């Protein structure tokens, strides 16, 4: 009998309302408008992926997080990590991504006493006033493109909760689109042999669309994966948070 399957589905659908409530959608739309786009597709109804955003007068903090697991266990991690990120932003400010990650790690260790509790994160402080960007990541990269060149600011090879973090500071040039993605989109199986999309198809896709309006890029990226994937099930939670300077 599939009556139990209906019960769980209704329970998870309501749990997705809780997980959506912790996402900064409204704030992103109201402050960045079309100078951002969000792609957020959990594998199940609730996932282990989420994203953060904190607007300041002089710039903004923006990031993506992939907590251990997907489904319900991943979604539980997402609640803890969202609160751990808020604590960290309050303890060290929103301008130092490496300090935020260090403090997030500590806050997580403080709440969780064999359990996979590690998490990937890519955090960026966009300092509009001083025209420079600070990035710090644990197994998450910052991709940047002007439609000609594709740069990848690689994150540390260590996940949060196992590592000391450092910021990568780049000049902030106009005409550049930035992309923060979890592994899910790049790991999506598909195509002729069932290989994951990968870093090379991803960098090419970004360069190809980087100069385009971000609402158009978002649509093209969704249609590019839908096409690639075909009949293959979604392998992992997908998140792409994009933002553009001038």
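Residue numbers count along the first chain shown, from 1.
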Indicate whether the chain is continuous between residue 90 and residue 91 or, if not, how many deposited residues are absent from the coordinates: none, 1 to 3, 4 to 9, or 10 or more. none
Going by the record, give me the number of deposited-sequence residues missing between residue 113 and residue 114 as none, 1 to 3, 4 to 9, or 10 or more. 4 to 9
Please compare 132 to 140 with 163 to 171 and name the stretch with the higher mean C-alpha B-factor in the deposited structure. 163 to 171
Averaging the C-alpha temperature factors as deposited, the higher value of 236 to 244 versus 3 to 11 falls on 3 to 11
Could you check 177, 217, 181, 56 and tell me which one carries the biggest Cα B-factor in the deposited entry? 56
What third of its chain's C-alpha B-factors does residue 39 belong to: lowest, middle or highest? middle
If you rank every modelled residue in this chain by C-alpha B factor, which third holds residue 204: lowest, middle or highest? middle
Assigned third (lowest, middle, highest) for the C-alpha B factor of residue 78: lowest
Among the chain's modelled residues, which third holds the C-alpha B-factor of residue 45? highest
Residue 30: CA B-factor among chain residues, third -> highest
